[PDB]
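Bear in mind that the values in this text are calculations on the coordinates, not laboratory data. Positions of Cβ are backbone-derived with ideal geometry, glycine not excepted, and every protein chain shown enters the neighbour counts.
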Amino acid sequence: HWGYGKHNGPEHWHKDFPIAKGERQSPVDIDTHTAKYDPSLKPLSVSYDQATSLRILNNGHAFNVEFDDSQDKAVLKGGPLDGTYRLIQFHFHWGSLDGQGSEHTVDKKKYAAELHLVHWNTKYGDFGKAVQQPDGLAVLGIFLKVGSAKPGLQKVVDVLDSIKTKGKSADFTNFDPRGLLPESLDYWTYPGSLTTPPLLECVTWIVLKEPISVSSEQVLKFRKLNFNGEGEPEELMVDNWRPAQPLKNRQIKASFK
Ligand SMILES: NS(=O)(=O)c1ccc(-c2ccccc2)cc1
Ligand SMILES: [Zn+2]
């Protein structure tokens, strides 16, 4: 089964998932001098005031904070998007060292981690149908650098002890994802894919220019998670990121000068 190790990592995924070598794979390097300002791009609309978090799950490749997406409660709209996308979950990718961990890079710079807020297009009815569509998902990507602590992240950090191993979950209600956003919503956008198998080419990527800061202690606690299940040999959940993929016939657009 796929993973991030030497024998099952990103370089192997194409054997089970041939779309890994496709025409709109993610992540990519964001070349800031080649991205073009697009004045027709609208401001992002992040409406999270009514978000309803439910659960946090260690799925063996990251941890997901899951939301109630059975109504329009937490939605992303505007920017490059047509229509309404519902928040279903967020998760992170991170490194074994502060110098790596993000999936997207900015002028080849790697950040310590990257947050993905995953939304699906409500015109397709459910997430499973949405991932089968070229405009099925909108993922909001936010970089993390190590410095000052992010207060709104601490409730996530503090529950990780209870979901140490693959397949463990914990109640996680009343978490407000607005505490994870930077001040500015300036962004780059391009058409891409899920960054884990099945690597479906169904995502409008919206990557914020401004990173959030998290403390060394906060990201340290990410690195105490396990890829393995309970009672299996311990393998730390670190470096669960896919490296940058070829941009091919795509243009990255910027919302800002
Ligand atoms: N890292 S990501 O691009 O935001 C991503 C989100 C959901 C999924 C996923 C996992 C299982 C089934 C369908 C989609 C994969 C990747
Ligand atoms: Zn992700």
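Could you please give the count of residues in segment 69-109 that are surrounded by 19 or more Cβ atoms within 10 Å (Cβ to Cβ), more than 15 Å from ligand 2 (Cβ to nearest atom) and in a loop (DSSP other than H, G, I, E, B)?
Total meeting the criteria: 5.
If you go through segment 1-59 one residue at a time, how many are aromatic (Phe, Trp, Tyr) and assigned to a loop (DSSP other than H, G, I, E, B)?
4
Restricting segment 168-195 to residues that are surrounded by fewer than 21 Cβ atoms within 10 Å (Cβ to Cβ) and within 15 Å of ligand 1 (Cβ to nearest atom), which is nearest to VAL139 (Cα to Cα)?
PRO191
What is the one condition in (1) within 18 Å of the chain's Cα centre (by Cα); (2) more than 15 Å from ligand 2 (Cβ to nearest atom); (3) in contact (Cβ under 8 Å) with a residue 40 or more places away in the chain that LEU137 does not satisfy?
Just one mismatch for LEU137, condition (2).
Is there a residue in segment 173-181 that is within 24 Å of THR34 (Cα to Cα), touching a residue at least 60 places away in the same chain (Cβ under 8 Å) and within 16 Å of ligand 2 (Cβ to nearest atom)?
No, that holds for no residue.
Taking segment 68-108 on its own, how many of its residues are more than 25 Å from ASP186 (Cβ to Cβ) and not aliphatic (A, V, I, L, M)?
Going through segment 68-108 one residue at a time, the tally reaches 7.
In segment 31-68, what residues are more than 16 Å from ligand 2 (Cβ to nearest atom) and under 16 Å from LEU140 (Cα atoms)?
The answer is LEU41, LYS42, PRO43, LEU44, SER45, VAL46, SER47, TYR48, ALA51.
Take segment 99-136 and flag every residue that is touching a helix residue (DSSP H, G or I) at 6+ places or on another chain (Cβ under 7 Å) and more than 9 Å from ligand 1 (Cβ to nearest atom).
Matches in segment 99-136: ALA112, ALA113, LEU115, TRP120, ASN121, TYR124, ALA130, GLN133, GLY136.
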